[PDB]
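Participant: Here you go, final_35.txt (compact mmCIF, C-alpha atoms and all ligand atoms):
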# COMPACT_ATOMS: atom_id res chain seq x y z
CA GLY A 311 74.00 -17.78 -65.04
CA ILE A 312 71.00 -16.33 -63.24
CA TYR A 313 69.77 -17.81 -59.96
CA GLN A 314 66.70 -16.98 -57.89
CA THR A 315 68.14 -17.04 -54.37
CA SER A 316 65.82 -15.12 -52.04
CA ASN A 317 62.57 -13.14 -52.04
CA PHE A 318 62.22 -9.39 -51.51
CA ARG A 319 59.51 -7.94 -49.28
CA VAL A 320 59.03 -4.82 -47.17
CA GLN A 321 58.31 -5.62 -43.54
CA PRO A 322 56.10 -2.97 -41.89
CA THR A 323 57.02 -1.23 -38.64
CA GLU A 324 53.82 0.60 -37.63
CA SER A 325 50.22 -0.54 -37.35
CA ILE A 326 47.13 1.64 -37.71
CA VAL A 327 43.62 0.91 -36.44
CA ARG A 328 40.50 2.80 -37.55
CA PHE A 329 37.03 2.39 -36.02
CA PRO A 330 33.92 4.59 -36.28
CA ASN A 331 33.13 7.32 -33.78
CA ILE A 332 32.23 6.24 -30.26
CA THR A 333 28.55 7.12 -30.02
CA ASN A 334 26.20 5.25 -27.68
CA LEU A 335 27.26 6.55 -24.24
CA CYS A 336 26.22 3.92 -21.63
CA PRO A 337 24.21 5.19 -18.61
CA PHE A 338 26.87 5.39 -15.84
CA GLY A 339 26.59 9.01 -14.64
CA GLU A 340 22.93 8.42 -13.84
CA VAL A 341 24.06 5.59 -11.53
CA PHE A 342 27.34 6.67 -9.90
CA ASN A 343 26.62 10.43 -9.95
CA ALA A 344 22.95 9.96 -9.01
CA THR A 345 21.58 12.36 -6.41
CA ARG A 346 19.50 9.73 -4.58
CA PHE A 347 20.05 6.03 -3.93
CA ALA A 348 17.23 3.73 -2.91
CA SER A 349 16.97 1.86 0.37
CA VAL A 350 18.64 -1.48 0.98
CA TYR A 351 15.33 -3.26 0.40
CA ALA A 352 14.04 -1.29 -2.61
CA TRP A 353 17.45 -1.81 -4.24
CA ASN A 354 17.91 -0.05 -7.62
CA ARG A 355 18.56 -2.33 -10.62
CA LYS A 356 18.96 -0.36 -13.84
CA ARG A 357 19.45 -2.27 -17.10
CA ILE A 358 22.19 -0.97 -19.40
CA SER A 359 22.14 -2.17 -23.02
CA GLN B 1 7.38 13.02 -12.17
CA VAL B 2 5.69 10.97 -9.45
CA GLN B 3 3.52 13.40 -7.48
CA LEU B 4 1.59 12.63 -4.25
CA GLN B 5 -1.06 15.14 -3.10
CA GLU B 6 -1.56 15.62 0.65
CA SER B 7 -4.72 17.04 2.19
CA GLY B 8 -6.97 17.07 5.23
CA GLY B 9 -5.08 18.59 8.19
CA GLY B 10 -5.46 21.73 10.27
CA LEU B 11 -6.46 22.97 13.72
CA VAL B 12 -8.68 20.72 15.83
CA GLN B 13 -9.49 20.78 19.54
CA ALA B 14 -8.53 17.86 21.77
CA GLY B 15 -10.71 14.83 21.08
CA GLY B 16 -11.60 15.79 17.51
CA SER B 17 -11.26 13.90 14.25
CA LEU B 18 -9.70 14.49 10.83
CA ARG B 19 -9.16 12.60 7.57
CA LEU B 20 -5.85 13.08 5.74
CA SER B 21 -5.33 11.89 2.18
CA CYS B 22 -2.44 11.04 -0.12
CA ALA B 23 -3.36 10.58 -3.78
CA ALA B 24 -0.56 9.21 -5.94
CA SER B 25 0.04 9.96 -9.64
CA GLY B 26 2.96 9.20 -11.94
CA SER B 27 4.66 5.84 -12.43
CA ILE B 28 3.92 4.04 -9.12
CA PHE B 29 4.25 0.46 -10.36
CA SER B 30 1.71 -2.03 -9.01
CA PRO B 31 3.69 -3.38 -6.00
CA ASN B 32 3.69 -0.13 -4.01
CA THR B 33 3.75 0.64 -0.29
CA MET B 34 2.14 3.79 1.15
CA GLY B 35 3.37 4.94 4.55
CA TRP B 36 2.89 7.94 6.82
CA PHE B 37 5.55 9.55 9.00
CA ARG B 38 5.52 12.08 11.85
CA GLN B 39 7.75 15.08 12.56
CA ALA B 40 7.39 17.63 15.35
CA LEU B 41 9.65 20.68 15.44
CA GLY B 42 12.80 19.39 17.13
CA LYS B 43 12.49 15.68 16.22
CA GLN B 44 13.17 13.51 13.17
CA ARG B 45 10.74 11.51 11.03
CA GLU B 46 8.68 9.24 13.30
CA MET B 47 7.13 6.30 11.48
CA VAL B 48 3.35 6.40 11.96
CA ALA B 49 1.84 3.73 9.73
CA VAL B 50 2.20 1.62 6.58
CA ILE B 51 -0.02 -0.26 4.11
CA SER B 52 1.42 -2.48 1.37
CA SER B 53 -0.21 -3.94 -1.75
CA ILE B 54 -1.21 -6.94 0.38
CA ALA B 55 -3.63 -4.50 2.13
CA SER B 56 -2.00 -5.30 5.50
CA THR B 57 -2.04 -2.42 8.00
CA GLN B 58 0.88 -1.59 10.28
CA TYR B 59 0.89 0.95 13.12
CA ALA B 60 3.43 2.05 15.70
CA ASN B 61 3.01 1.70 19.47
CA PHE B 62 2.79 5.49 19.92
CA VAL B 63 -0.87 5.79 18.86
CA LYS B 64 -2.13 2.24 19.50
CA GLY B 65 -5.67 1.74 18.26
CA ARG B 66 -6.29 5.40 17.40
CA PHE B 67 -5.39 6.01 13.74
CA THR B 68 -6.41 4.01 10.69
CA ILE B 69 -5.41 3.73 7.02
CA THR B 70 -7.99 3.21 4.27
CA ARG B 71 -6.89 2.00 0.84
CA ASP B 72 -8.67 2.80 -2.44
CA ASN B 73 -7.75 0.38 -5.22
CA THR B 74 -9.69 2.14 -7.99
CA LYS B 75 -7.70 5.37 -7.66
CA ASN B 76 -4.85 3.73 -5.68
CA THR B 77 -5.18 6.39 -2.97
CA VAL B 78 -4.82 6.40 0.81
CA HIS B 79 -6.87 8.11 3.52
CA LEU B 80 -5.57 8.31 7.12
CA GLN B 81 -8.40 8.59 9.70
CA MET B 82 -7.04 10.64 12.65
CA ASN B 83 -9.32 9.96 15.61
CA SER B 84 -9.06 10.46 19.38
CA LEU B 85 -6.49 13.23 19.05
CA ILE B 86 -4.09 14.31 21.80
CA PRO B 87 -1.65 17.24 21.88
CA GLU B 88 1.24 14.76 21.71
CA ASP B 89 0.09 14.26 18.09
CA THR B 90 0.95 17.88 17.17
CA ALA B 91 3.34 17.21 14.30
CA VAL B 92 3.46 17.68 10.53
CA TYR B 93 3.08 14.42 8.61
CA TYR B 94 4.53 13.22 5.31
CA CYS B 95 3.59 10.21 3.23
CA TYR B 96 6.10 7.88 1.63
CA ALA B 97 5.83 5.69 -1.49
CA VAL B 98 8.29 2.80 -1.18
CA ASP B 99 7.36 1.52 -4.67
CA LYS B 100 10.20 -0.33 -6.48
CA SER B 101 12.45 2.61 -7.49
CA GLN B 102 13.17 6.25 -6.55
CA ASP B 103 11.17 7.19 -3.46
CA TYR B 104 9.00 10.31 -3.25
CA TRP B 105 7.97 12.25 -0.14
CA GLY B 106 5.22 14.75 0.62
CA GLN B 107 4.67 18.48 0.90
CA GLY B 108 3.18 18.22 4.40
CA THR B 109 -0.07 18.49 6.32
CA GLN B 110 -0.22 20.60 9.47
CA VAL B 111 -1.97 18.73 12.29
CA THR B 112 -2.51 20.75 15.47
CA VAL B 113 -4.44 19.69 18.58
CA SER B 114 -4.45 21.71 21.81
CA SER B 115 -6.75 23.42 24.30
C1 LIG C 401 30.67 12.03 -12.18
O1 LIG C 401 30.98 13.42 -12.33
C2 LIG C 401 32.38 13.72 -12.25
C3 LIG C 401 32.52 15.22 -12.34
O2 LIG C 401 33.23 15.74 -11.23
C4 LIG C 401 33.13 12.98 -13.36
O3 LIG C 401 34.53 13.22 -13.21
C5 LIG C 401 32.85 11.49 -13.29
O4 LIG C 401 33.44 10.83 -14.40
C6 LIG C 401 31.34 11.23 -13.30
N1 LIG C 401 31.06 9.81 -13.17
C7 LIG C 401 30.39 9.12 -14.08
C8 LIG C 401 30.19 7.66 -13.79
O5 LIG C 401 29.96 9.64 -15.11
Step by step, read the file and then write its structure as structure tokens.

Facilitator:
Amino acid sequence: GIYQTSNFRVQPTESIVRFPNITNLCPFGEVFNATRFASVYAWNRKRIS
Amino acid sequence: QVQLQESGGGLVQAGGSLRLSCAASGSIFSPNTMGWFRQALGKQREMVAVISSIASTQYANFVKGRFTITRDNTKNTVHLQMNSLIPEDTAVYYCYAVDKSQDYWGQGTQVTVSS
């Protein structure tokens, strides 16, 4: 007769990831590459968001 | 662009009087501190005086009881009364806004006293 023994699939080997273009460049160069840094009592906090 | 205008120096004989002025424009958030600093050719910045938002006045021991700072709240300006001058005071001065962020210095006022 006929007998259903196993199941056939195709296991994948590679994975792909797609995301949209990286756009909103965070302010870092204005902090680490800044020309002037404030005194140690007028400390510079800059908010990055 | 925070800009501070300096005025009121020049040539004065020994014993004369002058009135310097720094007027501040730009951001200059409310808790600011206006100071004045000395430099003669051959020396570094010598701290002369300081006024904060508290209106407290601070002066160095070099010129005890001779110079004064006046504070104008309406225009947020500063006037330094230079009285009882002595040729040891021959030095260009610069004023300094501590503020809360990037600091800004002056363009200079030539103060000369000799006989
Ligand atoms: C600062 O500039 C240098 C260029 O020599 C660059 O390599 C570095 O990534 C910059 N730093 C930041 C935080 O942007």

Participant: Report the centre and edge lengths, in Å to one decimal, of an axis-aligned box enclosing every atom of range 351-354 of chain A listed in the file, padded by 5 Å on each side, as JSON.

Facilitator:
{"center_x": 16.0, "center_y": -1.7, "center_z": -3.6, "size_x": 13.9, "size_y": 13.2, "size_z": 18.0}

Participant: Just to confirm, what's the straight-line distance from CA of residue 46 in chain B to CA of residue 89 in chain B in Å (one decimal)?

Facilitator: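 Computing it gives 11.0 Å between the two atoms.
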
Participant: Record the distance separating CA of residue 99 in chain B and CA of residue 5 in chain B, expressed in Å with one decimal.

Facilitator: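 Calculated distance between CA of residue 99 in chain B and CA of residue 5 in chain B is 16.1 Å.
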
Participant: Nearest residue to chain A out of B:28, B:34, B:98, B:18, using only C-alpha atoms?

Facilitator: B:98

Participant: Would you name the residues within 12 Å of ligand LIG 401 (chain C), counting all atoms listed in the file, and put them as an MDAnalysis selection string?

Facilitator: chainID A and resid 335:345

Participant: Provide the CA of residue 352 in chain A to CA of residue 81 in chain B distance in Å, to one decimal place.

Facilitator: 27.4 Å

Participant: Mind listing as a list in words which residues of chain B are within 12 Å of chain A, counting all atoms listed in the file?

Facilitator: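 Going by the stated atoms only, the list reads residues 31, 32, 33, 97, 98, 99, 100, 101, 102, 103 and 104 of chain B.
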
Participant: For each of B:95, B:82, B:49, B:2, take the minimum atom-to-atom distance to residue 22 in chain B, counting all atoms listed in the file, then give the residue where this is smallest.

Facilitator: B:95

Participant: Got a sec: who's within 9 Å of residue 79 in chain B, counting all atoms listed in the file, leaving out chain neighbours fewer than 5 positions off, as a compact mmCIF listing (two decimals) with C-alpha atoms, in the coordinates of the input?

Facilitator:
# COMPACT_ATOMS: atom_id res chain seq x y z
CA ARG B 19 -9.16 12.60 7.57
CA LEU B 20 -5.85 13.08 5.74
CA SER B 21 -5.33 11.89 2.18
CA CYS B 22 -2.44 11.04 -0.12
CA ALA B 23 -3.36 10.58 -3.78
CA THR B 68 -6.41 4.01 10.69
CA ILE B 69 -5.41 3.73 7.02
CA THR B 70 -7.99 3.21 4.27
CA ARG B 71 -6.89 2.00 0.84
CA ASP B 72 -8.67 2.80 -2.44

Participant: Neighbours of residue 60 in chain B within 12 Å (only C-alpha atoms; same-chain residues fewer than 6 positions away dropped), as JSON, numbers by chain?

Facilitator: {"B": [35, 36, 37, 38, 46, 47, 48, 49, 50, 66, 67, 68]}

Participant: When distances are computed from all atoms listed in the file, which of B:74, B:17, B:39, B:53 shows the smallest separation from residue 94 in chain B?

Facilitator: B:39
